[PDB]
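# show me how the following folds:
(chains A and B, ligands or ions: 1)
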Amino acid sequence: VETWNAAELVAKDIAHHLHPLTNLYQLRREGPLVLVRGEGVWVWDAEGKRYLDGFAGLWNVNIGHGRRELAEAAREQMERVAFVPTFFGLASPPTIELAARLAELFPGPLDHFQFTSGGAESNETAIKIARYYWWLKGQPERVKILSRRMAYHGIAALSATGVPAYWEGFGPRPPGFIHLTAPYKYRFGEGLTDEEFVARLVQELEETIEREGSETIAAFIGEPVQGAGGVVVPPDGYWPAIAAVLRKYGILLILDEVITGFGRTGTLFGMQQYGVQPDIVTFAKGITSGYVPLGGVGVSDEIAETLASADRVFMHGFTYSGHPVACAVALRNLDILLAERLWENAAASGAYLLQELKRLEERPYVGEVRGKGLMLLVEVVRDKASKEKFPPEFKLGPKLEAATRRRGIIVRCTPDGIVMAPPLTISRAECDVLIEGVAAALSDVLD
Amino acid sequence: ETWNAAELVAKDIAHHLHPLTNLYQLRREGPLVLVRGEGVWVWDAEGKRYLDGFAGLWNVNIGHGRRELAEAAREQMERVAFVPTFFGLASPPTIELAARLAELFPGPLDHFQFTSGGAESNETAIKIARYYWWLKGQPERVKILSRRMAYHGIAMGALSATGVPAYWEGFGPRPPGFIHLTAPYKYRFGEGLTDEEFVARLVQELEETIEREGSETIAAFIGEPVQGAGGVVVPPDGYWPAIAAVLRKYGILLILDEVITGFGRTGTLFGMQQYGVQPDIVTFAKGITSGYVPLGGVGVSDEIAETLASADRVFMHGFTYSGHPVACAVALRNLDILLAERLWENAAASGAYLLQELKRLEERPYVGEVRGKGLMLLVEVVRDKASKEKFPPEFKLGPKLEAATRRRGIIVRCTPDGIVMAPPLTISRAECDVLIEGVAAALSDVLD
Ligand SMILES: Cc1ncc(COP(=O)(O)O)c(CN)c1O
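Residues are numbered from 1 along each chain as shown, chains lettered A, B, ... in the order given. Okay, here it is:
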C-alpha cells in the first residue's frame, strides 16, 4: 500500500511546477490537487480522498485507469526496444502495424498516416500538409485556413483555434487563418429552425469564400463536435452542407477528431456520426487512452500520392513521431476498445447523462444542457431571459471547481459552466454519482 | 509478435507517411525496419545488426534495453497512467521531476513546465518570454533573435526560430517577429580569423542588429550551445560569454536550447556548464528519458516565474500531455542511471577519442573538416579541400552515404554535407572503433 507525503508534494509543486492552464497566483496560495492512483473512472489524491474522473483526464482516458494490459504492452516494447525513429526511412513494427490498422479503421481512402505526440502537433502537421500539397500542385498562394469561432486546435494550430483568451499576451500569430461563426444555436441561432440556421451558416461560408477567393484557401479545419470551445453540438445537416460547399470549391477538409475520435461520440469516429469524409483527419488522446502521448494525421490516397510524387525529402517531422512504445500501447488500447465496443456504452451512458442532466434546466441559473455521446456541458447563466453570464468578479469557474472537487468530482469548471467527458466505460451507477455531484456543487455555489 | 519482414515493408510503403524521408524513394526502396535494441546495437527485421551511431535522434543517451525504465513505466501505468497538470492538477512523478530538475539545473532555473517534445518546449519558451514582457507592460517586446543554421523544431514559432531554409520551403507563411543572425561557423564564415577576431565580428553584428531593430522590441534570443541539426557548429572560444553579456546589456532574455546538448552529451550534464552561461529560460527534450517515453520541458528563472505568478489570471497555455506521469517516472529512473553512471564523463572521453580518430579522415582529399563537441560529431564532405565546394545535388551524396553506411552495419545521419554521429553516452572503445571503421569504409565506398 503506497503512502504519500501530501504536504511535501504540495510544497515541491508550489516551489517548482509551472502548471499549464492554471491560475499560478491561485496555485501558490492554495496548492495543487495531487492525484496518485487510478482505477476505471476513479482516482485518489495524496490524502486518500476518492474522486470520479468526470473529465477522463483531458477527454482522453477512454478505456479507464488501471489497465494492466497497456502497462504490460509498454513494458514488453521497452524491453525489446524503446525508441526507433520514423525519420530517414526508418520504422518499427508497432508503428507500421498501427498505420495499417488505422487505415482499416478510418473509412475510405484515409490510408496514409504520420504520427505525432499530441493534438497540437497533429493539427500543425495537417495544416502544413495541406499548404505543402497545394504548393506541390503549383498553387503557392493557396495557404489560407478556414476555422471557426470557439474552435480549439492547439496552442502551438493556435491561429486555427477560435477562443481569443488563448491569444492574449503571447504576441503575433501565424497569418492565413479565417474565422467563421460556430454552429452554436443557443446564442447564434435564436428563433431559427435547424434548417434556417444551417442555411445562414452556409451563406456565411459562401460569402467568406467569395471575399477571400477560393483559390487562396487551402483547407477548412474543424471538430465534428467542438470540444474545448464549449461542447457545441452542430445542427442537423450542418456538416453535409458545409462539406458540399468545400468540395464545390475544391477546398480540403481537415476533420479534427482529437477529442471525438475513438468512441467518445457513440461511434468510433465523429465523421461516421455526421456522414462526412475528410481529406485529412487529426487524432490524439484516446488513441492510447492517455497512457502514452500519441497523436497522428491521416491523409487520403490522392494527397499521399501527390506528396510521394516529389523526388525530394519531406521537410517535416517531430522527433517522437511513431514512437514504438506509444504505438504498441495504442495497438493494445485499440484491442480493448474494439473488443468491448466502448462506443456503444458511450452512446448509452451519454444519452442517460444528457437526459438526467437536462433536468437541471428547471434551475434558474442553467441556460442550456447539451451533449453528444460522452461530451456534455451545463451552461450556467445569471439570467435565462437575457442569457447573460456571471461576471468575472463572481469567479464562477473557481467556485464551481472547488465545490465539485470537495464533493469528490473532477469536472472542467469554467466561467460558462461545467464540462464533462467521463471515460467510455462509465456505468449507470457511476453516471448517477456524477449527476448528483454536479447538481449538489451547482446548489452549493448558486443555491 | 507475429510480424514478417516482407509484410512489414509492404504495409509501411502502403500506409506510413514517414517524416524527414524521401517519400518517392521510400515507395521504390521501402523502409529499414528496426525491431530490437541493446546498448548501442539495433537489429533490423531480417536479423542484421547495426551500431546506433545516431542514438535514434540524438536521444538514446543511456542506450537501449534498460529494464529499469521499462519497470518504472509499467509500475506508473498500473498505478495511474495519465494525470493532467492542467487546472492545478499534478501527479507525484511530475512534482518530483520538477524539484530534481530545479536541483540539477544551475542557479535560479527552478520552475518547470513539461511538454512532449523539443518543438513544444521551444514554442512554450517563446510564448513565455513574450507573455513575460506583456505582463511587464511592454507588449511591443515580441521579436525573437535566432541564427542561421539553428534548428529549434518545425512547428509553430519554433519553425520560425529555425534557421535552415529547407524546412521553410513549401509550407506557407510563418509567424512574424523572428530575426536571424549569422551562425558562428568558422570553417566557412571565419576564414583567416582567430577565434577572438571571429567573436568580435559576431558581437558587432549582434549589437548593430539590436540597434537597428530596437532593443525595446526584442523579447529574447534563442540558441543551442552547439548547433546540432544545422551541422554540428561548435562555437569559437569565448563566443557565449560575449553574446550573453550583450544580451544582458540590453535586458534581452536568453533562451538556451538544450534539447540535444542536455543530459550529458557534451561531456557535462548540460551545455550551459561547458560554455559558462546562465540562461533565463532553458528548453530540454530527448535525453531526459533517453527516448524511452516522449518528454520535454521548459525551465525558467525565479524572476520570470514570479512575474508569471503575480497575475491573478489563468495562464492560457499548455499541451495536453504536459507532465505525463509515466514520462516523468521514466525520466526519474533515467536520471538515476545517468547520474549514477556519470555518463557525461564517458561522453567526454569517448567523444575525444572519436574526434581524434575521425580527424585522421582529414587526410582524405574529400574531407573538408571533422568537428565535434562531446558525443556530437560531424565529418563535412567536400569535392576538394582547396575549393571547399559541396557536391552538387545530382550526385546524391546523402542517399549514397546512407546506403553505404547501412550496408556496413552502421546507422548515422547522412546529409549532402556529410556524416553526423550522435552515439549513446555509454559507447565503449571497441564500439567506437566499429563506428569509426564503418564510417571510413562507407566514405571509401562512395568516394574512393
Ligand atoms: C535543438 C532542437 N530543438 C528542438 C527540436 C525539435 O524537437 P521535436 O522534434 O521533439 O519537436 C530538435 C530536433 N532534433 C532539436 O535538435
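# going forward, measure contacts between C-alpha atoms and count neighbours the same way
Noted.
# OK, contacts around residue A:237?
A:195, A:198 (C-alpha atoms under 8 Å, 6 or more residues apart in numbering or on different chains).
# backbone dihedrals for the residue nearest the centre of chain A, both of them.
Centroid-nearest residue in chain A: residue A:259, 2.8 Å away (criterion: C-alpha atoms, centre = their mean). When read as degrees, to the nearest 10, the backbone of residue A:259 gives phi -90, psi -50.
# neighbours of the nearest residue to it once chain neighbours are set aside, how many?
Spatially, and ignoring its direct neighbours in sequence, residue A:259 is nearest to residue A:59 (6.2 Å; C-alpha to C-alpha, 6 or more residues apart in numbering or on different chains). Residue A:59 has 26 neighbours, counted by other C-alpha atoms under 10 Å in any protein chain shown.
# can you check residue A:5 too?
Every residue meeting other C-alpha under 10 Å relative to residue A:5 is counted, giving 10.
# got the contact list for the residue nearest to residue A:177 when sequence neighbours are not counted?
Counting by C-alpha to C-alpha, 6+ apart, the nearest residue to residue A:177 once its immediate chain neighbours are dropped is residue A:145, at 4.7 Å. Taking C-alpha under 8 Å, 6+ apart as the contact definition, residue A:145 lies against A:127, A:160, A:176-178, A:217-221.
# 6 Å instead?
Residue A:145 sits next to A:176-177, A:218-220 when contact means C-alpha atoms under 6 Å, 6 or more residues apart in numbering or on different chains.
# which one (most neighbours) among these?
Busiest of the contacts of residue A:145 [other C-alpha under 10 Å] is residue A:218, holding 28 neighbours.
# just to be sure, that residue is in a helix?
No: counting by DSSP: H, G, I helix; E, B strand; the rest coil, residue A:218 is not found in a helix; it is strand.
# just give me the neighbour total for the closest residue to chain B within the stretch 151-300 of chain A.
Of all residues in the stretch 151-300 of chain A, residue A:174 sits closest to chain B, at 4.0 Å by C-alpha to the nearest C-alpha. For residue A:174, the neighbour count with other C-alpha under 10 Å is 17.
# and what of residue A:36?
Count around residue A:36 with other C-alpha under 10 Å applied: 25.
# which residues does it contact?
A:44-46, B:91.
# can you tell me the SS state at it?
From three-state DSSP, the assignment for residue A:36 is strand.
# the residue nearest to residue A:80 when sequence neighbours are not counted bridge partners, please.
Leaving out its chain neighbours, the residue that sits closest to residue A:80 by C-alpha to C-alpha, 6+ apart is residue B:36, at 5.3 Å. Beta-bridge partners of residue B:36, counted by DSSP bridges, are residue B:43.
# please tell me how far residue B:36 sits from the ligand.
According to C-alpha to the nearest ligand atom, to the nearest Å, residue B:36 and the ligand sit 22 Å apart.
# what is the burial count for residue A:332?
When neighbours are defined as other C-alpha under 10 Å, residue A:332 has 19 of them.
# in chain A, what residue sits furthest out from the centroid?
Largest centre distance within chain A, by C-alpha atoms, centre = their mean: residue A:311, 35.5 Å.
# surely the residue nearest to residue A:259 meets residue A:420?
No: assessed by C-alpha atoms under 6 Å, residue A:59 is found out of contact with residue A:420, at 8.6 Å.
# and stretch A:278-288, what's buried?
By 16 or more other C-alpha atoms under 10 Å in any protein chain shown, the buried positions in stretch A:278-288 come out as A:278-288.
# what comes into contact with it?
With C-alpha under 6 Å, 6+ apart as the contact definition, stretch A:278-288 has outside contacts at A:60, A:62, A:118-119, A:122, A:252-258, A:262, A:294-300, A:330, A:333.
# outline the domain layout of chain A.
When chain A is parsed with curated CATH domains, its domains come out as A:1-66+A:341-447, A:67-340.
# what's the most buried one of those?
The highest average neighbour count among the domains of chain A, using mean count of other C-alpha atoms under 10 Å in any protein chain shown, belongs to domain A:67-340 at a mean of 22.
# straight-line length of that domain, end to end?
Domain A:67-340 has its terminal residues 13 Å apart, counting by C-alpha to C-alpha, to the nearest Å.
# how distant is that domain from the center of its chain?
10 Å (C-alpha atoms, centre = their mean, to the nearest Å).
# go on, stretch A:13-23?
23 Å.
# other residues contacting that stretch?
Contacts for stretch A:13-23 (C-alpha under 6 Å, 6+ apart): A:28, B:85-88, B:95, B:98-99, B:110-113, B:313-318.
# span of that stretch from start to end?
Stretch A:13-23 has an end-to-end distance of 14 Å (C-alpha to C-alpha).
# kindly report the same for stretch A:47-67.
End to end - C-alpha to C-alpha - stretch A:47-67 spans 23 Å.
# next up, the contacts around residue A:92.
B:33-35.
# can I get stretch A:276-285 in PDB, CA atoms only?
The C-alpha trace of stretch A:276-285 is given here as PDB (Å, rounded to 0.1, in the frame of the first residue of the first chain):
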ATOM      1  CA  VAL A 276     -18.600  13.400 -43.700                       C
ATOM      2  CA  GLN A 277     -15.500  12.100 -45.500                       C
ATOM      3  CA  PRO A 278     -12.500  14.400 -44.900                       C
ATOM      4  CA  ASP A 279      -9.400  14.700 -46.900                       C
ATOM      5  CA  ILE A 280      -7.300  14.900 -43.700                       C
ATOM      6  CA  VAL A 281      -8.100  13.700 -40.200                       C
ATOM      7  CA  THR A 282      -6.200  14.500 -37.000                       C
ATOM      8  CA  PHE A 283      -6.300  12.400 -33.900                       C
ATOM      9  CA  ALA A 284      -4.700  12.200 -30.400                       C
ATOM     10  CA  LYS A 285      -5.700  11.400 -26.800                       C
END
